[PDB]
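Asks: I'm passing along start_9.cif; it holds mmCIF, C-alpha atoms and all ligand atoms.
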data_final
loop_
_atom_site.label_atom_id
_atom_site.label_comp_id
_atom_site.auth_asym_id
_atom_site.auth_seq_id
_atom_site.Cartn_x
_atom_site.Cartn_y
_atom_site.Cartn_z
CA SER A 1 -2.12 -27.35 16.38
CA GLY A 2 -1.59 -24.85 13.51
CA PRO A 3 -2.63 -21.18 13.13
CA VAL A 4 -6.42 -20.44 13.19
CA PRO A 5 -7.71 -19.66 9.64
CA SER A 6 -8.87 -16.16 8.59
CA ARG A 7 -11.07 -14.66 5.83
CA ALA A 8 -11.39 -11.08 4.50
CA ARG A 9 -14.52 -9.34 5.97
CA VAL A 10 -15.21 -7.77 2.51
CA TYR A 11 -14.71 -8.84 -1.14
CA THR A 12 -13.99 -12.36 0.17
CA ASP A 13 -15.10 -14.41 -2.86
CA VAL A 14 -14.84 -11.86 -5.73
CA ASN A 15 -12.06 -13.84 -7.57
CA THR A 16 -13.93 -17.18 -7.18
CA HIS A 17 -16.92 -15.57 -9.04
CA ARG A 18 -14.63 -14.39 -11.93
CA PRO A 19 -13.47 -16.47 -14.91
CA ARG A 20 -10.26 -18.40 -14.06
CA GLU A 21 -8.29 -16.18 -16.54
CA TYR A 22 -8.99 -12.99 -14.47
CA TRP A 23 -6.68 -14.21 -11.63
CA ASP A 24 -4.73 -17.15 -13.20
CA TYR A 25 -1.80 -14.85 -14.15
CA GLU A 26 0.63 -17.81 -14.70
CA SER A 27 -1.53 -18.72 -17.78
CA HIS A 28 -1.70 -15.09 -19.10
CA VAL A 29 -0.25 -14.65 -22.64
CA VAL A 30 1.58 -11.31 -23.10
CA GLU A 31 1.93 -9.81 -26.62
CA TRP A 32 5.36 -8.09 -26.23
CA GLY A 33 5.67 -4.76 -28.12
CA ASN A 34 8.83 -3.06 -29.48
CA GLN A 35 10.69 -0.74 -27.04
CA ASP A 36 12.01 1.09 -30.20
CA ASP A 37 8.50 2.75 -30.35
CA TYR A 38 9.86 4.84 -27.39
CA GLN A 39 12.94 7.03 -26.80
CA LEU A 40 14.21 7.36 -23.20
CA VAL A 41 14.68 11.04 -22.14
CA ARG A 42 16.13 10.74 -18.60
CA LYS A 43 16.40 8.41 -15.59
CA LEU A 44 13.77 9.28 -12.88
CA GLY A 45 14.48 6.70 -10.12
CA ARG A 46 16.23 3.42 -9.12
CA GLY A 47 14.22 0.60 -7.42
CA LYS A 48 15.05 -2.96 -6.19
CA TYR A 49 13.17 -4.59 -9.15
CA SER A 50 13.13 -1.67 -11.67
CA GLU A 51 14.90 1.30 -13.31
CA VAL A 52 12.35 4.04 -14.26
CA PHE A 53 12.68 6.60 -17.09
CA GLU A 54 10.81 9.51 -18.66
CA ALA A 55 10.36 8.61 -22.35
CA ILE A 56 8.65 9.85 -25.55
CA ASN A 57 6.24 7.80 -27.67
CA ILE A 58 7.70 8.68 -31.15
CA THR A 59 4.36 7.88 -32.91
CA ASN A 60 2.32 10.69 -31.20
CA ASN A 61 5.10 12.63 -29.31
CA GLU A 62 3.24 11.83 -26.00
CA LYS A 63 5.36 11.69 -22.80
CA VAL A 64 5.31 8.29 -20.98
CA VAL A 65 7.09 6.55 -18.08
CA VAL A 66 9.07 3.35 -18.85
CA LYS A 67 9.79 0.85 -16.04
CA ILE A 68 12.51 -1.64 -17.15
CA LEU A 69 11.86 -4.88 -15.15
CA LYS A 70 15.21 -5.85 -13.53
CA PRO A 71 15.84 -9.62 -13.95
CA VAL A 72 13.17 -11.46 -11.86
CA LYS A 73 10.91 -14.59 -12.02
CA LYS A 74 8.73 -14.48 -15.21
CA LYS A 75 5.76 -15.44 -12.93
CA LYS A 76 6.17 -12.08 -11.06
CA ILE A 77 6.23 -10.14 -14.40
CA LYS A 78 2.92 -11.78 -15.57
CA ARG A 79 1.40 -11.07 -12.10
CA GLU A 80 2.17 -7.30 -12.26
CA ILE A 81 0.97 -7.10 -15.91
CA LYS A 82 -2.30 -8.96 -15.21
CA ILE A 83 -3.03 -6.81 -12.11
CA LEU A 84 -2.32 -3.57 -14.05
CA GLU A 85 -4.57 -4.77 -16.95
CA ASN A 86 -7.38 -5.73 -14.50
CA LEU A 87 -7.21 -2.36 -12.66
CA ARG A 88 -6.76 -0.16 -15.79
CA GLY A 89 -9.21 2.80 -15.66
CA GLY A 90 -9.81 2.48 -11.87
CA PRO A 91 -9.81 5.65 -9.74
CA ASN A 92 -6.29 6.92 -8.95
CA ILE A 93 -4.74 3.68 -10.46
CA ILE A 94 -1.67 4.23 -12.74
CA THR A 95 -2.53 3.40 -16.40
CA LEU A 96 -0.47 0.71 -18.18
CA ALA A 97 -0.16 1.91 -21.83
CA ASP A 98 2.15 -0.74 -23.39
CA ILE A 99 4.28 -3.83 -22.69
CA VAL A 100 7.56 -4.04 -24.65
CA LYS A 101 10.87 -5.92 -24.88
CA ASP A 102 14.24 -4.43 -25.95
CA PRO A 103 14.86 -6.07 -29.38
CA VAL A 104 18.59 -6.59 -28.47
CA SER A 105 18.71 -7.38 -24.68
CA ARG A 106 15.18 -9.06 -24.64
CA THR A 107 14.60 -7.26 -21.25
CA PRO A 108 10.87 -6.66 -20.54
CA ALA A 109 9.60 -3.11 -19.74
CA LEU A 110 6.21 -1.59 -18.81
CA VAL A 111 5.07 1.73 -20.33
CA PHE A 112 2.73 3.93 -18.25
CA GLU A 113 0.80 7.12 -19.08
CA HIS A 114 2.90 10.09 -17.77
CA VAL A 115 2.70 11.29 -14.13
CA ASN A 116 5.18 13.81 -12.58
CA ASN A 117 8.00 12.09 -10.52
CA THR A 118 6.84 14.00 -7.38
CA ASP A 119 6.17 11.17 -4.87
CA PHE A 120 4.03 11.80 -1.76
CA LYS A 121 7.06 11.37 0.61
CA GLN A 122 8.39 14.73 -0.81
CA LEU A 123 5.14 16.65 0.06
CA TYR A 124 3.36 14.70 2.90
CA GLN A 125 5.41 16.32 5.77
CA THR A 126 4.29 19.87 4.61
CA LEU A 127 0.46 19.50 4.08
CA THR A 128 -2.42 21.48 5.71
CA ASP A 129 -5.00 19.50 7.79
CA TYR A 130 -7.48 19.74 4.87
CA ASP A 131 -4.94 18.46 2.26
CA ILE A 132 -4.03 15.42 4.47
CA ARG A 133 -7.78 14.54 4.58
CA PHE A 134 -8.17 15.22 0.82
CA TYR A 135 -5.18 13.06 -0.31
CA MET A 136 -5.97 10.25 2.22
CA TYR A 137 -9.51 10.13 0.69
CA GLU A 138 -7.91 9.88 -2.82
CA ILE A 139 -5.67 6.94 -1.68
CA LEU A 140 -8.78 5.22 -0.17
CA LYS A 141 -10.57 5.45 -3.58
CA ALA A 142 -7.67 3.47 -5.15
CA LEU A 143 -7.59 0.88 -2.29
CA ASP A 144 -11.37 0.32 -2.19
CA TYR A 145 -11.22 -0.12 -5.99
CA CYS A 146 -8.33 -2.62 -6.06
CA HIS A 147 -9.77 -4.54 -3.02
CA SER A 148 -13.20 -4.67 -4.78
CA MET A 149 -11.33 -6.10 -7.84
CA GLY A 150 -9.84 -8.90 -5.65
CA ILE A 151 -6.32 -7.37 -5.39
CA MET A 152 -4.21 -6.27 -2.39
CA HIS A 153 -1.36 -3.82 -3.12
CA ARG A 154 0.96 -5.01 -0.25
CA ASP A 155 3.43 -2.07 -0.69
CA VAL A 156 1.43 1.03 0.33
CA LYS A 157 3.93 3.73 1.38
CA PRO A 158 4.55 7.40 0.50
CA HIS A 159 7.17 6.52 -2.21
CA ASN A 160 4.40 4.60 -4.06
CA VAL A 161 1.94 7.54 -4.19
CA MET A 162 2.62 10.02 -7.05
CA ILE A 163 0.98 13.44 -6.58
CA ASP A 164 0.43 16.44 -8.89
CA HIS A 165 -0.25 18.97 -6.07
CA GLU A 166 -0.97 21.81 -8.59
CA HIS A 167 -3.85 19.74 -10.14
CA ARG A 168 -4.67 17.92 -6.81
CA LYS A 169 -4.28 14.52 -8.59
CA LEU A 170 -2.89 11.30 -7.02
CA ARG A 171 -1.89 7.90 -8.49
CA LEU A 172 -1.04 4.68 -6.60
CA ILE A 173 1.99 3.12 -8.39
CA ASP A 174 4.33 0.05 -8.18
CA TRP A 175 2.00 -2.93 -8.36
CA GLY A 176 5.04 -5.29 -8.46
CA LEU A 177 4.22 -6.76 -4.98
CA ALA A 178 0.42 -6.84 -5.49
CA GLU A 179 -1.44 -10.19 -5.29
CA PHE A 180 -4.90 -11.64 -5.87
CA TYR A 181 -6.87 -12.39 -2.68
CA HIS A 182 -8.15 -16.00 -2.47
CA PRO A 183 -9.88 -17.19 0.72
CA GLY A 184 -7.64 -19.66 2.60
CA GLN A 185 -4.48 -18.81 0.57
CA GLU A 186 -1.25 -18.50 2.63
CA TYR A 187 0.87 -15.58 1.35
CA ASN A 188 4.57 -14.62 1.50
CA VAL A 189 5.17 -12.39 4.59
CA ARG A 190 8.37 -10.91 2.97
CA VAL A 191 6.40 -7.99 1.39
CA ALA A 192 6.22 -4.22 2.15
CA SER A 193 8.93 -1.88 3.49
CA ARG A 194 9.93 -2.40 7.16
CA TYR A 195 8.19 0.73 8.58
CA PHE A 196 4.84 -0.13 6.87
CA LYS A 197 4.75 -3.90 7.60
CA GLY A 198 1.60 -5.01 9.44
CA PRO A 199 1.89 -7.15 12.58
CA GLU A 200 0.66 -10.19 10.53
CA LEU A 201 3.91 -9.96 8.46
CA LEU A 202 6.10 -9.42 11.57
CA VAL A 203 4.68 -12.50 13.47
CA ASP A 204 4.54 -14.69 10.28
CA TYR A 205 0.72 -15.00 10.03
CA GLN A 206 0.33 -15.95 6.32
CA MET A 207 -3.50 -16.02 5.85
CA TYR A 208 -3.78 -12.22 5.54
CA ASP A 209 -5.94 -10.08 3.23
CA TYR A 210 -6.74 -6.55 1.93
CA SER A 211 -6.58 -5.32 5.58
CA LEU A 212 -2.73 -5.41 5.30
CA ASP A 213 -3.01 -2.25 3.11
CA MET A 214 -5.10 -0.51 5.82
CA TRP A 215 -2.30 -0.98 8.40
CA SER A 216 0.18 0.58 5.90
CA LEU A 217 -2.26 3.48 5.34
CA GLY A 218 -2.50 4.03 9.13
CA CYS A 219 1.34 4.20 9.33
CA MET A 220 1.27 6.92 6.60
CA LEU A 221 -1.52 8.86 8.40
CA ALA A 222 0.32 8.76 11.77
CA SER A 223 3.54 10.01 10.07
CA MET A 224 1.65 12.95 8.45
CA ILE A 225 -0.54 14.18 11.39
CA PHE A 226 2.31 13.80 13.96
CA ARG A 227 5.15 14.92 11.58
CA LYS A 228 7.10 11.76 12.65
CA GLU A 229 8.87 9.92 9.78
CA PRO A 230 8.55 7.02 10.10
CA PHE A 231 5.98 6.62 12.90
CA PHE A 232 7.20 3.08 13.86
CA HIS A 233 11.01 3.31 13.48
CA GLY A 234 12.34 -0.27 13.90
CA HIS A 235 16.05 -1.19 13.48
CA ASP A 236 15.01 -4.50 11.82
CA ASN A 237 11.84 -6.65 11.45
CA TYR A 238 11.98 -7.88 15.12
CA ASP A 239 12.51 -4.38 16.59
CA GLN A 240 9.70 -3.14 14.25
CA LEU A 241 7.17 -5.19 16.31
CA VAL A 242 8.75 -3.83 19.57
CA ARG A 243 8.22 -0.22 18.26
CA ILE A 244 4.54 -1.07 17.57
CA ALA A 245 4.13 -2.82 20.99
CA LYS A 246 5.45 0.30 22.84
CA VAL A 247 2.51 2.30 21.30
CA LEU A 248 -0.38 -0.22 20.87
CA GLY A 249 0.64 -2.07 24.07
CA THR A 250 1.44 -5.75 24.71
CA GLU A 251 -2.01 -6.82 26.13
CA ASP A 252 -3.74 -6.52 22.69
CA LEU A 253 -0.65 -8.11 20.99
CA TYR A 254 -0.70 -11.28 23.15
CA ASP A 255 -4.55 -11.46 22.81
CA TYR A 256 -4.09 -11.36 18.99
CA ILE A 257 -1.39 -14.11 19.17
CA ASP A 258 -3.79 -16.23 21.37
CA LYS A 259 -6.79 -15.60 19.02
CA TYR A 260 -5.00 -16.90 15.83
CA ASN A 261 -2.88 -19.50 17.75
CA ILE A 262 0.25 -17.83 16.25
CA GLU A 263 3.63 -19.50 17.06
CA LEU A 264 5.74 -16.43 18.01
CA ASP A 265 9.44 -16.64 16.92
CA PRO A 266 11.59 -17.29 20.06
CA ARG A 267 13.63 -14.09 19.23
CA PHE A 268 10.56 -12.09 20.47
CA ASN A 269 10.50 -13.73 23.96
CA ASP A 270 12.92 -11.21 25.65
CA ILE A 271 12.50 -8.01 23.50
CA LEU A 272 8.68 -7.31 23.56
CA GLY A 273 8.54 -6.76 27.38
CA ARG A 274 5.31 -5.26 28.86
CA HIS A 275 3.85 -1.94 27.59
CA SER A 276 0.62 0.00 28.19
CA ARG A 277 -1.42 1.16 25.19
CA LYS A 278 -0.38 4.83 24.84
CA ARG A 279 -2.92 7.66 24.39
CA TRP A 280 -2.31 9.43 21.03
CA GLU A 281 -2.06 12.78 22.97
CA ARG A 282 1.57 11.76 23.87
CA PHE A 283 2.60 12.33 20.17
CA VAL A 284 0.95 15.84 19.97
CA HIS A 285 3.18 18.96 20.26
CA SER A 286 3.22 22.66 19.23
CA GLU A 287 4.52 21.86 15.66
CA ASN A 288 1.88 19.17 14.77
CA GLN A 289 -1.17 20.22 16.92
CA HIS A 290 -2.78 21.99 13.87
CA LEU A 291 -2.99 18.56 12.05
CA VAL A 292 -4.35 16.58 15.05
CA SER A 293 -8.10 16.58 15.85
CA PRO A 294 -10.38 14.16 17.74
CA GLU A 295 -11.61 13.03 14.25
CA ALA A 296 -8.02 12.30 13.05
CA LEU A 297 -7.19 10.27 16.20
CA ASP A 298 -10.48 8.32 16.17
CA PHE A 299 -9.80 7.38 12.50
CA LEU A 300 -6.10 6.52 13.08
CA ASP A 301 -7.00 4.32 16.09
CA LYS A 302 -9.36 2.24 13.87
CA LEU A 303 -6.59 1.57 11.25
CA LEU A 304 -3.74 0.62 13.63
CA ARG A 305 -5.03 -2.66 15.17
CA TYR A 306 -3.01 -5.87 15.63
CA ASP A 307 -6.07 -7.96 14.61
CA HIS A 308 -6.36 -7.44 10.82
CA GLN A 309 -10.13 -8.32 11.04
CA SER A 310 -10.66 -5.34 13.46
CA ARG A 311 -9.23 -2.68 11.08
CA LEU A 312 -11.57 -0.46 9.02
CA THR A 313 -12.13 -1.58 5.45
CA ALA A 314 -11.30 1.03 2.78
CA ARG A 315 -15.04 1.82 2.32
CA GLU A 316 -15.66 2.01 6.13
CA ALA A 317 -12.66 4.40 6.33
CA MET A 318 -14.20 6.62 3.57
CA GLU A 319 -17.41 6.84 5.75
CA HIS A 320 -15.49 8.15 8.86
CA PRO A 321 -16.27 11.70 10.20
CA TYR A 322 -12.61 12.70 9.43
CA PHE A 323 -13.69 12.92 5.72
CA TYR A 324 -17.13 14.66 6.11
CA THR A 325 -15.84 18.06 4.80
CA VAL A 326 -13.93 16.37 1.90
CA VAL A 327 -17.13 14.42 0.95
CA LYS A 328 -19.18 17.68 1.13
CA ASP A 329 -16.64 19.67 -1.01
CA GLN A 330 -16.59 16.81 -3.60
CA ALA A 331 -20.44 16.84 -4.06
CA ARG A 332 -20.26 20.71 -4.26
CA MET A 333 -17.80 20.37 -7.25
BR1 LIG B 401 3.92 6.03 -13.79
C1 LIG B 401 4.91 4.87 -12.70
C2 LIG B 401 6.00 5.36 -11.99
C3 LIG B 401 6.75 4.51 -11.19
BR2 LIG B 401 8.22 5.23 -10.23
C4 LIG B 401 6.40 3.18 -11.08
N1 LIG B 401 6.93 2.13 -10.40
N2 LIG B 401 6.18 1.07 -10.64
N3 LIG B 401 5.21 1.40 -11.48
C5 LIG B 401 5.31 2.71 -11.78
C6 LIG B 401 4.56 3.54 -12.59
CL CL B 402 -3.95 23.14 8.46
CL CL B 403 8.26 5.61 1.55
CL CL B 404 2.56 -14.24 -1.84
CL CL B 405 9.29 4.24 16.91
CL CL B 406 -1.48 6.86 28.12
NA NA B 407 -5.48 20.07 17.26
#
As a first step, turn the structure in this file into structure tokens.
Replies:
Amino acid sequence: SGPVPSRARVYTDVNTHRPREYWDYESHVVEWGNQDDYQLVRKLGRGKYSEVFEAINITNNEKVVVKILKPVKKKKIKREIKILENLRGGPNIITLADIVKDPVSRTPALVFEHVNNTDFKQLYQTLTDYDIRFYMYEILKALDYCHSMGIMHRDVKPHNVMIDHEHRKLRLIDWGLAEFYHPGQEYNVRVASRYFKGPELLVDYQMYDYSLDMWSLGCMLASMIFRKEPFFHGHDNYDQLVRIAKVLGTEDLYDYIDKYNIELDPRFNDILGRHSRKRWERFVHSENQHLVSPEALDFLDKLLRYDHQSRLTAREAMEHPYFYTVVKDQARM
């Protein structure tokens, strides 16, 4: 018999209750602008699917970011555009400003409102306890918003969080792997960077949901409070699950595989072994102790579960005692 089906605990049917056109990105008609409205200033970064530049909008002299979409399925381009259009104006969501093609090369590019090219990975190993809580709360605002809008990011990692530390502002970027959540849909498991992949991806459980992003967020939190980059340091996708099993233990892993009737790749049969669930105290030392609290560990424990249904939702996470002082300072301001 096949895998047992799964549904999101929250925002399950939000796309069903929308007009078809909200989520039917294959049918979306893009009005392509002229990239000659912009002048590229300098190259900022190189990605698998994109080259990214600082640019000037000639018309108003406003600074922008241009992402030139490296050759890829047209379906994937419409998906990213539609998701960015749907999420435009959401809290801590990057703002799509324009969609253009190079008149010569015909290559499509996305134009975003300017953010500094200071990604979270550059800062997140140097934060105070309070700033970790503050910026985690800001990421959760973006995730609860996109989940509530029927979208899962599927590539949450430090390199996809842009931060202006001076102005205490954060944006979640690179929506190129994001998808619409539809109950009963089986998704591609070849998403996310190795160190942030949830167990559902690693065991090839395809009927996953928004909760994938909450695993990735837990991997970021563990890295930051323990000053361990990455927290789960696998050699490859098989060893990645071994790294997780040595921390979360094998008892809960095999119970998860039994619950969803998952057919575990034979490769796993000799490498997972038998491991106790480790107390988080084992990762605490003199250099990270100032970032670790009972509140931080209680919260982390409730993100890093094998069973995606067990993990906190983004809104449940925002309710956790770890954020009480952030929530109080926000109301004060
Ligand atoms: Br602004 C901005 C910056 C980068 Br780097 C992005 N990668 N994908 N979308 C982006 C938007
Ligand atoms: Cl601190
Ligand atoms: Cl990263
Ligand atoms: Cl998919
Ligand atoms: Cl590890
Ligand atoms: Cl222990
Ligand atoms: Na402590």
Asks: Give as a PyMOL selection string every residue, naming chains and numbers as the document does, that has an atom within 12 Å of (-6.0, -1.3, -15.7), counting only C-alpha atoms.
Replies: chain A and resi 80-98+112-113+142+145-146+149+151+172-173+175
Asks: Might you pull out every residue within 6 Å of range 207-217 of chain A, with all atoms listed in the file counted and same-chain residues fewer than 5 positions away left off, and present them as a count of residues only?
Replies: 10
Asks: In Å, how far is it from CA of residue 323 in chain A to CA of residue 137 in chain A?
Replies: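 Here the two named atoms are 7.1 Å from each other.
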Asks: Would you list the residues that come within 9 Å of ligand CL 404 (chain B)? Count only C-alpha atoms and all ligand atoms and give the answer as a PyMOL selection string.
Replies: chain A and resi 177-180+185-191+206
Asks: Pick from A:327, A:284, A:143, A:312: nearest to ligand NA 407 (chain B), with all atoms listed in the file counted?
Replies: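 Of A:327, A:284, A:143, A:312, the one nearest ligand NA 407 (chain B) is A:284, counting all atoms listed in the file.
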Asks: Would you pick out the contacts of range 34-41 of chain A at 12 Å or less, using only C-alpha atoms, so that residues sharing its chain but fewer than 4 positions from it are not included, and give the list as a ChimeraX atom specification?
Replies: /A:51-68,97-112
Asks: May I ask you to write as a list in words all residues lying at most 6 Å from ligand CL 402 (chain B), with all atoms listed in the file counted?
Replies: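 So the residues close to ligand CL 402 (chain B) are residues 128, 129, 290 and 291 of chain A.
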Asks: Using all atoms listed in the file, which residues have at least one atom no more than 8 Å from ligand NA 407 (chain B)? Output them as an MDAnalysis selection string.
Replies: chainID A and resid 288:294
Asks: Write out as a list in words the residues lying within 6 Å of range 253-264 of chain A, counting all atoms listed in the file and excluding same-chain residues fewer than 5 positions away.
Replies: residues 3, 4 and 307 of chain A
Asks: Find the residue from A:227, A:305, A:76, A:7 that sits nearest to residue 176 in chain A; use only C-alpha atoms when measuring.
Replies: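 Closest to residue 176 in chain A, using only C-alpha atoms: A:76.
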Asks: Please determine, counting all atoms listed in the file, which residue among A:274, A:194, A:43, A:121 has the shortest atom-to-atom distance to residue 158 in chain A.
Replies: A:121
Asks: Which is closest to ligand CL 405 (chain B) among A:229, A:144, A:119, A:31, if we use all atoms listed in the file?
Replies: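 The closest residue to ligand CL 405 (chain B) is A:229.
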Asks: Rounded to one decimal in Å, what is the spacing between CA of residue 117 in chain A and CA of residue 78 in chain A?
Replies: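 Straight-line distance from CA of residue 117 in chain A to CA of residue 78 in chain A works out to 24.9 Å.
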